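To begin, one chain is listed below as structure tokens, in the form deposited in one PDB entry.
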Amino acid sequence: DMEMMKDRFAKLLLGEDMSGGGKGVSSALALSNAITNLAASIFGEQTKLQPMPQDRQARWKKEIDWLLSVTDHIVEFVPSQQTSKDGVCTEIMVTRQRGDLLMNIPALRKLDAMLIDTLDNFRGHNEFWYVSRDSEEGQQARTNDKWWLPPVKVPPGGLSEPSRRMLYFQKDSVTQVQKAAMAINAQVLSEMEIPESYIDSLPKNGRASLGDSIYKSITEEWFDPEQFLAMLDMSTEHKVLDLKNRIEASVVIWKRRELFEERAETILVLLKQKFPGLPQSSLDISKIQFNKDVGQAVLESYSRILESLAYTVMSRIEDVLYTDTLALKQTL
């Protein structure tokens, strides 16, 4: 175990360039990646609605403590006072957990633990059951597009309306957990530093990123962001994202008259509402790739994997919920 922690941390100091020359990546992004790869690895096995096996739960616990530790040490160095048993006041410099890490780290761990628990509320009888993907009973049973998951089945003719009541209660419990994590993920990326590379790649002026059509719209006398959007093609996720990228570039230009900027920012908000599950934007991808700050790296990276677990689990609930709808249908 110490033998096994050592291997872990050592490869982070290399980061991740196995050949010495730390040409190579940041303790931040070493960290970010490692948290990602671990979570992917562990929940890659959550292919059914059931408690995470106890050995797995154990391994996830410790290795995530390991990766999370650096944050115990990231501080604010702040002047302060202290007085002795005898009454003498002495000016000191004191230490404290840096701001975003004091509240969010605990907050993120409590989500982690809530996920793990909702899976524990599956320990023992479940009115639904899984068959192996490659066996005959599987071949007869949303599913065909993820050929690797075991097909879930539910009793011929619905399932108990307690057993279905509960699954909804959990589809919701979990969706709210997902939303929480995303909200943290969001926050960090906005407090992340804008990469020199990104600036460099930016066009000359606001009318280049938005281009002239969209420029006329955020630039006329009237404006209301609701209508603005009803006038653009948002049919695909790729199209919405191309816009998000153009709006973000502009904002970043103008913060280096403010009416536009204010409206541009109003439009992004509206996007984050209408389009919550949206992949990340050019700027986020970049903030992440060139980010040197291990505090935020752990924060964004960790909220990201939790986002994903919560989604994995609610897919596994939607899996059963809907082969349930199909059970009522084929009863006709």
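Rigid core here is just the name for the largest C-alpha set that superposes within 1.5 Å across the two forms. Numbering starts at 1 and runs along the sequence shown.
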Using none, 1 to 3, 4 to 9 or 10 or more, say how many deposited residues go missing between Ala141 and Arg142.
1 to 3
Deposited residues missing from the model between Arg256 and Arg257 number 10 or more
Per the entry, where is the mean C-alpha temperature factor higher: 287 to 295 or 48 to 56?
287 to 295
Please work out which residue in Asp86, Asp172, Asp212, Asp100 has the highest C-alpha B-factor recorded for this crystal structure.
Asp172
If you rank every modelled residue in this chain by C-alpha B factor, which third holds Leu115: lowest, middle or highest?
lowest
Pull the Cα B-factor of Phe228 out of the PDB entry and bin it into the chain's lowest, middle or highest third.
lowest
Can you tell me whether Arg304 has a C-alpha B-factor in the lowest, middle or highest third compared with the other modelled residues of the same chain?
lowest
Among the modelled residues of its chain, does the C-alpha B-factor of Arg207 lie in the lowest, middle or highest third?
highest
Ranking every modelled residue in this chain by its Cα temperature factor as given in the entry, which third contains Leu321?
highest
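Below: the form deposited in another entry, not depicted.
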Core superposition between this form and the one not shown, C-alpha change of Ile92 at least 2 Å
yes
Spell out whether the Cα of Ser190 moves at least 2 Å between this form and the one not shown when the two forms are superposed on their rigid core.
no
Superposing on the rigid core, I want to see if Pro79 changes position between this form and the one not shown - specifically a Cα shift of 2 Å or more.
yes
